[PDB]
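One structure is given below, encoded as structure tokens.
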Amino acid sequence: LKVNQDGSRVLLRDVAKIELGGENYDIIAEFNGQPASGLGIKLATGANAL
Amino acid sequence: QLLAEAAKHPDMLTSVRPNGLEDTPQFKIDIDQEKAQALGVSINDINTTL
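Sequence order for the protein chains is A and B. Mind the numbering: the first sequence is residues 251 to 300 in the entry's author numbering, read in order. Mind the numbering: the second sequence is residues 701 to 750 in the entry's author numbering, read in order.
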């Protein structure tokens, strides 16, 4: 991010935590108490469901 | 591995070949940002020049 006059170099590690996480924590799912995920599927106009 | 295992059955499979291309040499450039900043050079300008 920056290299100081004294020679010290600053990285992201020193000013920010970095992790793998969801791009939106708004939605959460739970199947019979335990954590889960899934897909709700919506059909198209003029197609057969079966 | 599959091509090898297929060359062992020349009585059912013949001319088993890949249609793709085999890996070739590439010239890598491991730019360093510490020195580029110590010299005041915009990495964007570096990449645009290259």
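C-beta atoms are modelled at their ideal positions from N, C-alpha and C, and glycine is treated no differently.
Asked, Found
"Host alpha helix (DSSP H) of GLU734(B) (start-end)", "733 to 738"
"Chain-ordered neighbours of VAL253(A) on chain B, where CB pairs are closer than 9 Å", "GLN733, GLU734, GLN737 and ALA738"
"Cβ pair residue 304(A), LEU270(A) closer than 8 Å", "For chain A, the structure presents residues 251 to 300; residue 304(A) sits outside this window and is missing."
"C-beta contact flag for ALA736(B) and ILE746(B) at 8 Å", "yes"
"Cβ pair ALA704(B), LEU713(B) closer than 8 Å", "no"
"Contacts around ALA286(A), its chain only, beta-carbon distance under 7 Å, and the 5 residues preceding and following it disregarded", "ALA279 and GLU280"
"Residue from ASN719(B), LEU750(B) and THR724(B) whose Cα sits closest to the Cα of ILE731(B)", "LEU750(B)"
"Chain B contact for residue 303(A) (CB, 8 Å cutoff)", "Here chain A covers residues 251 to 300 and nothing more, so residue 303(A) does not appear."
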